[PDB]
Number of protein chains: 2
Amino acid sequence: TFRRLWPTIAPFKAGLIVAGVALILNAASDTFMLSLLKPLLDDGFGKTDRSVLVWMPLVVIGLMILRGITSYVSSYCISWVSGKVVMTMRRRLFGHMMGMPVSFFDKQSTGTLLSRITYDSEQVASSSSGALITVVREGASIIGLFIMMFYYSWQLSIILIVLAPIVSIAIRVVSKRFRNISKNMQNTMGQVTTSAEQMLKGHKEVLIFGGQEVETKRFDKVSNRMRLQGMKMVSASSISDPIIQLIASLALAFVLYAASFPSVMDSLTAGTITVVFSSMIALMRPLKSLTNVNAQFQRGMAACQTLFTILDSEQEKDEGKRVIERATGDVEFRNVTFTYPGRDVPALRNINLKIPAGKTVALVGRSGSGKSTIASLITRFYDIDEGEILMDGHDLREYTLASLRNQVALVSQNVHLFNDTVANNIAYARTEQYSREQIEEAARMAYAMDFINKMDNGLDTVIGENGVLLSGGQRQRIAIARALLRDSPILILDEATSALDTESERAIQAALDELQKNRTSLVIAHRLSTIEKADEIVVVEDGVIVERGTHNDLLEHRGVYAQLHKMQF
Amino acid sequence: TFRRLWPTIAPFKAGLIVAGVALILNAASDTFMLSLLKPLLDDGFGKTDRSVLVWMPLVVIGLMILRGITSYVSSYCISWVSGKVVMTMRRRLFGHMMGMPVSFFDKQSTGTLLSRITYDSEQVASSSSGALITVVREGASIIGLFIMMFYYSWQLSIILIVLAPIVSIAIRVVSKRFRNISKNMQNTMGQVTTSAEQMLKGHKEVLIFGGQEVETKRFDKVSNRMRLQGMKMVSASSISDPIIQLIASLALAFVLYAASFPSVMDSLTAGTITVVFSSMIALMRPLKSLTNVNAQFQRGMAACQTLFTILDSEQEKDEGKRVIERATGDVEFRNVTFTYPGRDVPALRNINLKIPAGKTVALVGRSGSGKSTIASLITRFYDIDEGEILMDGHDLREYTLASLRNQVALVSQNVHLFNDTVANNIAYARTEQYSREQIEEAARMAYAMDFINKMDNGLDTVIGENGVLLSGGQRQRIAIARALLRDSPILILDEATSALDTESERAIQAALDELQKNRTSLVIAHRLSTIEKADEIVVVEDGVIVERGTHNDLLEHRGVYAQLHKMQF
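- In the PDB header, cryo-EM is given as the technique by which the entry was determined, and 3.8 Å as its resolution.

The structure is reproduced here in structure tokens:
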């Protein structure tokens, strides 16, 4: 179909043409190797015992080294072109995916995105390359073989290529005849098989009533029936091979009959004949290879259409351009009803949550639905389905997206530390902005210096995966250091599970207290200490804040907070 | 492979020998077909003679008729041998399967039982036949071709065939080297792809921070890897290809060098070298095929061992020599504990149920746990796990199985009607015992003659599957007719469906009352009318005989019968 990746491969058209010429020369070497038979057959043997036959080994070994060099060069160059186009496709796909919304990553198919970016892309490249090399090198081979046949024997090729379609239509009609006979009788085969099945399904009924002698006689008759049907199957299927071989040898016999001396043929054959036949029994292979070229090309184009469908999806909407340097103004959720995309049930109904500036507000809901959703809603990682999230006098939609990202920071047990040095991870995308001294001080006041000093290289050790592979609490402290260096006016604190890690829960809690001394703290902690520390506490059963107030006030108004507090202890 | 099984195939040895000689002749056909080449080439065209060329087409086409006839005869005769082996194997398998215990019919795999009857029985014969044709035909071709090489060239054959394994080991070591390189490279590729996967899964945390170029740049570096590493996939593999070709052509050079460099060889004429090379390339195939003979043989022998194990498995136990003409005595359980084989939970604990002679007992239970298994137990489908069943003062295990099975008769909504005529189905395995007049008398007394009266051919119509396809209520009517003709002293009724068919339920109930007017009859049933009509009513919830007494008494004492009276309405 329509491919618009040609501008991608246009800069590398030179390498592609070099690969094509290499494949042309490869096919030329192969067909010249085939044509090498005739001088060998005539002069090498018939004329003399020794003469041409000494030159020919050198000629064929030379042709083979030429063929190998051409094949290797073509493979290397087409690999270069494929690698470059797949390089461009991969980086374009990832660049789009950077700004592309969370919706595809919202469990649409996360594991298959890896396939899309690597396996399907290289499948597109390999399919296109395979189609190109196949069509060019097999067209070259076909042209070379045809010119060989016409040059060596002008009159033999026309009769033989006239005969070949006749044999083709004969083979097709015979195969169709025997295939439909086969399936037509296989219907009866299935009938008898079902008869035997129903016969044996009455095992209890046979056992209870009478004996098996009548049953054995019935199975004997049915067995004889399927045995004769199997006779018919094997006979009908086996007679195909004699018939097809007979047709092929009839074609050969007619060819030889034409080769019988008249005035047309045999004037110039000598040992030519085998060469012609050799070429034909070679020529049958590329044409078959040429049959699948279109199918392979269509498969590659379908994969490329999938990739283009991924690419053409709209990026994250960022129409709002209002900028905000510091977000000291409070956050205000006002009757904000959110629905998860792909989820029929409303994830979050209208909620009037207030988050005053420089205060601790704690989400204490235990239902597990909507608790982490608000952390995404405050950050425009999902669209605002309904209601207004007004921060510092303006709604989140109006604000520049990148602004809202840098203003807010979130720290959780789950944190994807990037494959880099710890110092670079501490200031992601801000290493130019933040000095190494600032990074060290941030790690110090986050109480993570023990973990950095533990590793040999320290501030430059590769903390990412396939590197240090540090423990989860250490990842949390790295994240707290990231937020602390950023000094985000708005902090989100998930704390999914409160683990009293030895020698580390005290340090991480101290770091949490250090970070949340100032700035708003939207905390989803299951730890009772943070809940008590919260200036306000909210419990939401996915619809609305059932209870609002202090933890003691929420204890006074039991509702659902009482049993929740029982699980807290 | 300790298959043995030869007594089965011994009487059909003559067909096997005829197939073998025909197949050897078929291989000799190919040998002589290639032998025709040297007269066709050396003395056909290079020679000025004409008639020798006209000789070839007729002889090759007649050779092809010989090949086709030999192939057809071989296929037909080995089909005969295979069909007879399958005949005896299927017969001896099905006889044992009917003799196999009901515990073998454990619902383990009902369709694979047919597969053993159909798929595995044909697999053993097909595999044995394939191994036979492969070894005989391909070995005949191999030995004939070697005789060819030694006949046409006493010298070139030995050098070519001693050089061939050298080329084989060279190909093996080179291919193994490249495969090892590629294989250990695959692990590096797998490791590299994990970096891209990690960066992709980290989108959730890329977006909150600045991300952007520091992501893409990093990805770009990783993007280069599967290009460069990707080149190592295609580069090395590519340079694997011509090298294995090159050395092969080097061998093709060497023999050709040996064609001329000696002053001794000097005896190839023109076509004999072509005959030798053609015979080599035509020999490569049968050597490959002959390598797979052991695999086919062992696979077929494994399927044969499955069938042999099924045949050798112990039948239903028949260690009872006590014979009863008519079971006029009472049937009674004494603390009979039963467990389904393959089930850990005791299906039925100890039960001491007594059934007086003549009187009717009903079993009631919604879930059916424990209720249904008893009706099978009295027929010795599943042997007792513990306890004893006293029939006429002796144990059922003591009684002869075939003798007992005639005493009790089963009636249910689901009855496997055999594909014979209605008259046979009424007197299955008893058509000689009872007269046709008795059969129609039983049909009339069953009060279901009408459905058979309106039937086209009357009592002689094929009634089972691939026939009239009778209705399930009418199947139950046929069963009540079966019992009427048998006049079994013991009756078990299932009555699971409890279907109130219009005008057929009434006749069914009338027939049930007619049959159970006399003789012992226990009835599982959800019908309140039948439960009331029962002389005794029993409720079993898989644990114990919960309630014993009349239905009014079982209503007076709540227990569980009241809950049954709820949905009996």
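### Here's the deal with the overall build of chain A
At step 1: A count of helical and extended segments in chain A gives 22 helices and 10 strands.
At step 2: Computed over C-alpha atoms, the radius of gyration of chain A comes to 39 Å, more than 25% over the 25 Å expected from 2.2 N^0.38 for 569 residues, which places it beyond the range of a compact globule.
At step 3: Principal axes of the C-alpha set define a box for chain A whose edges measure 115 × 85 × 45 Å.
At step 4: Sequence separation of 24 or more characterises 77% of the internal contacts of chain A that already satisfy a separation of 6 or more.
At step 5: Summing over all exposed atoms, chain A offers an accessible surface of approximately 27700 Å²; the carbon and sulfur share of this is 59%.
At step 6: On chain A, the mean spot of the 60 positive side-chain charges and the mean spot of the 56 negative ones are 11 Å from each other.

### A few points about unusual backbone geometry
Residues and elements named next belong to chain A.
At step 1: One non-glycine residue, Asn335, lies in the positive phi region at around 55°.
At step 2: Note that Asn335 resides in strand 1 (residues 331–337).
At step 3: What makes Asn335 partly exposed here is its relative accessible area of 36%.
At step 4: Not every positive phi belongs to a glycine, and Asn466 is a case in point at roughly 60°.
At step 5: When you line up the elements, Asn466 lands in the loop between helix 17 (449–454) and helix 18 (472–486).

### Quick look at the pairing of strand 3 (residues 360–364) of chain B
Residues and elements named next belong to chain B.
At step 1: Most of strand 3 sits inside the fold, with five of its five residues counted as buried.
At step 2: The two faces of strand 3 match: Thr360, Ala362 and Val364 on one face and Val361 and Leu363 on the other face are all buried.
At step 3: In the sheet, strand 3 pairs with strand 9 (residues 536–540) via four bridges, with the strands oriented parallel. What sits directly across from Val364, in strand 9, is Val539.

### Things to note about the nonpolar core
Generally speaking, soluble globular proteins have nonpolar side chains that are buried together.
Residues and elements named next belong to chain B.
At step 1: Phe333 and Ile480 are the most contacted members of the largest nonpolar core, which totals 77 residues.
At step 2: If one sorts the elements of this core by residue count, helix 16 (residues 472–486) sits on top with seven residues.
At step 3: What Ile480 contacts, discounting residues up to four positions off in sequence, is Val411, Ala446, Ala511, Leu512 and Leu515.

### Some words on the relation of the copies chain A and chain B
At step 1: Structural alignment of chain A on chain B gives an RMSD of 0.8 Å, achieved by rotating through 180° and translating 0.1 Å along the axis. Those values place the two copies in the arrangement expected of a two-fold rotation axis.
At step 2: Most of the interface of chain A is mirrored in chain B, where 94% of its interface residues again form contacts.

### Thoughts on a positive patch on the surface
At step 1: On the surface, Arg172, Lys176, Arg177, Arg179 and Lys183 of chain B cluster together to form a positively charged patch.
At step 2: For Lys176 of chain B, a relative accessible area of 44% gives the class partly exposed.

### Let's talk about the domain arrangement of chain A
Residues and elements named next belong to chain A.
At step 1: Segmenting chain A into domains produces domain 1 (6–153 + 291–312), domain 2 (154–267) and domain 3 (331–568).
At step 2: Using only C-alpha atoms to locate each centre, domain 1 and domain 2 end up separated by 39 Å.
At step 3: With five residues of domain 1 at the contact, the number on the domain 2 side is six residues.
At step 4: Interface area for domain 1 against domain 2, summed over the two sides, is near 430 Å², with a carbon-plus-sulfur share of 61%.
At step 5: The interface formed by domain 1 and domain 2 holds two residue pairs in polar contact in total.
At step 6: Here the residues of the side of domain 1 that touches domain 2 are counted per class, giving four nonpolar, one polar and no charged.

### Details of the sheet that holds strand 8 (residues 520–524) of chain B
All names here are of chain B.
At step 1: The sheet built from six strands is open, its strands ordered 6-7-8-3-9-10 with mixed pairing. Each edge of the open sheet is held by one strand with a lone partner, namely strand 6 (408–411) and strand 10 (545–549). The mean angle between the axes of side-by-side strands here comes to 15°, regardless of whether they run parallel or antiparallel.
At step 2: One ladder, built from four bridges, connects strand 6 with strand 7 (residues 490–493); its direction is parallel. By the bridge assignment, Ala409 is partnered in strand 7 with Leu491.

### Some points on the pattern of salt bridges
Residues and elements named next belong to chain A.
At step 1: Scanning all chains against the criterion turns up 32 salt bridges over all chains.
At step 2: The salt bridge involving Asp312 is made with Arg4; its shortest N-O contact spans 3.5 Å. Of this pair, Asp312 sits in helix 12 (residues 293–312) while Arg4 sits in the segment before helix 1 (6–9), and the two are 308 residues apart along the sequence.

### Quick notes on the pairing of strand 10 of chain B
At step 1: Relative to strand 10 of chain B, strand 9 of chain B runs antiparallel, the two being bridged by four bridges. Counterpart to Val540 of chain B in the pairing with strand 10 of chain B is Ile545 of chain B.

### A closer look at the interface of chain A and chain B
At step 1: Taken together, the contact between chain A and chain B spans 101 residues of the former and 110 residues of the latter.
At step 2: When the area that chain A buries against chain B is broken down by residue, the three leading residues are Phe94, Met98 and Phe209 of chain A, summing to 8%.
At step 3: The interface formed by chain A and chain B holds four salt bridges in total.
At step 4: Close ionic contact of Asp420 of chain A with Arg218 of chain B constitutes a salt bridge, the shortest N to O distance being 2.7 Å.
At step 5: Summed over the shared surface of chain A and chain B, the result is 20 residue pairs in polar contact.
At step 6: Classifying every residue of the side of chain A that touches chain B by side-chain character gives 54 nonpolar, 28 polar and 19 charged.

### Structural notes on the environment of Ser127 of chain A
All names here are of chain A.
At step 1: Mapped onto the fold, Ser127 is located in helix 6 (residues 110–152).
At step 2: Residue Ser127 is classed as buried on the basis of its relative accessible area, which comes to 3%.
At step 3: Along the primary structure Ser127 and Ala303 are separated by 176 residues, whereas in three dimensions their C-alpha atoms are 9.3 Å apart.
At step 4: Contact partners of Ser127, with chain neighbours within four places excluded, come to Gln296 and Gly300.

### With respect to the side chain of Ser129 of chain B
Residues and elements named next belong to chain B.
At step 1: Its place among the elements puts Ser129 in helix 5 (residues 110–152).
At step 2: Residue class for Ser129 comes out buried when judged on its relative accessible area of 17%.
At step 3: A polar contact is formed between the side chain of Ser129 and the backbone oxygen of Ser126, at a distance of 2.6 Å.

### Concerning the sheet that holds strand 1 (residues 331–337) of chain B
Residue and element names in this part refer to chain B.
At step 1: Reading across the sheet, the four strands line up as 2-1-4-5 and stay open at both edges, with antiparallel pairing between neighbours. Two strands close off the open sheet at either side, each with one partner strand: strand 2 (354–355) and strand 5 (394–395).
At step 2: Direction of pairing for strand 1 relative to strand 4 (residues 386–391): antiparallel, over a ladder of five bridges. Within strand 4, the residue paired with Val331 across the bridge is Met391.

### Observations concerning the packing of aromatic side chains
At step 1: Overall, the coordinates contain 16 aromatic pairs over all chains when judged by the stated rule.
At step 2: Summarising the aromatic geometry, the rings of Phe94 of chain A and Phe219 of chain B are spaced 4.4 Å apart at their centres and angled 45° between planes, so their arrangement reads as tilted. One end of the pair, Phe94 of chain A, is in helix 4 (residues 52–99); the other, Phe219 of chain B, is in helix 8 (residues 213–260), on a second chain. Each of the two residues, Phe94 of chain A as well as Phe219 of chain B, counts as buried.
At step 3: Taken together, a centroid distance of 5.2 Å and an interplanar angle of 40° make the contact between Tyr151 of chain A and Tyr152 of chain A tilted.
At step 4: Overall, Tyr151 of chain A belongs to the exposed group, its relative accessible area being 66%.
At step 5: The structure contains a cluster of three or more aromatic residues connected by ring pairs, namely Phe338, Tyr340 and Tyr382 of chain A.
At step 6: The cationic tip of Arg4 of chain A hangs over the ring face of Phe308 of chain A; the distance from NZ or CZ to the ring centre is 3.6 Å.
At step 7: Seen from the ring of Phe209 of chain A, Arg486 of chain B lies directly overhead, with NZ or CZ sitting 3.7 Å from the centre.

Analysis parameters
- Residue indices run from 1 on each chain, following the sequence as it is written; they may not match the entry's numbering, and residues absent from the coordinates are omitted.
- Each chain gets a letter, beginning with A, and each ligand a number, beginning with 1, in the order they are written.
- Here the side-chain values reflect all heavy atoms present in the structure, with hydrogen atoms and water set aside.
- To qualify as a helix, a DSSP run of H or I must reach at least 4 residues; to qualify as a strand, a run of E must reach at least 2; elements of each kind are numbered from the N terminus.
- For the radius of gyration, the atoms used are the C-alpha atoms, and the globule rule reads 2.2 Å times the number of residues raised to 0.38.
- The contact definition used throughout considers only heavy atoms, calling two residues in contact when any of these lie within 4.5 Å.
- Surface accessibility in these figures is a Shrake-Rupley result with a 1.4 Å probe; residues are shielded only by whichever protein chains are displayed.
- The positive count covers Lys and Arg only, the negative count covers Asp and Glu only, and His and the chain ends enter neither.
- Taken as the charge centre is NZ of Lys, CZ of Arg, CG of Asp or CD of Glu, depending on the residue.
- Think of it in three bands: with a 1.4 Å probe and only protein chains considered, a residue is buried below 20% of the maximum accessible area for its type, exposed above 50%, and partly exposed in between.
- A pair of strands is treated as paired once DSSP finds two or more bridges between them.
- Grouping buried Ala, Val, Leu, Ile, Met, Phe, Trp, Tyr and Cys residues that are joined through side-chain atoms within 4.5 Å yields what is termed a nonpolar core.
- Copies are aligned to one another through a least-squares fit of their C-alpha atoms.
- Each patch groups residues whose relative accessible area exceeds 30% and which form no salt bridge, using 9 Å between like charges and 5 Å between nonpolar side chains of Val, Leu, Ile, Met, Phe, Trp and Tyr.
- When a carboxyl oxygen of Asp or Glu is within 4 Å of a side-chain nitrogen of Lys or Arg, the pair counts as a salt bridge.
- Bear in mind that the domain bounds are from an automatic or database domain assignment.
- Buried area: the accessible surface (1.4 Å probe) lost by two parts on joining, summed over both.
- Identification of polar contacts relies on pairs of N or O atoms within 3.5 Å, with a donor-acceptor requirement for protein atoms, meaning one able to donate a hydrogen and the other able to accept it, and with residues adjacent in sequence counted only if both atoms are side-chain atoms.
- Any residue that is not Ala, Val, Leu, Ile, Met, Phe, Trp, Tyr, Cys, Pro, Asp, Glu, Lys or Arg is counted as polar, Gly included; the first ten are nonpolar and the last four charged.
- Interaxial angles span 0 to 180 degrees and are taken between N-to-C directions of axes, which are lines fitted to C-alpha atoms, for helices over the stretch in contact.
- Two aromatic rings from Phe, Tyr or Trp, using only the six-membered ring of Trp, form a pair when their centres are within 6.5 Å; if the ring planes differ by under 30 degrees the pair is stacked, by over 60 it is edge-to-face, and anything between is tilted.
- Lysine NZ or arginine CZ positioned within 6 Å of the ring centre and within 35 degrees of the ring normal marks a charge as sitting over the ring.

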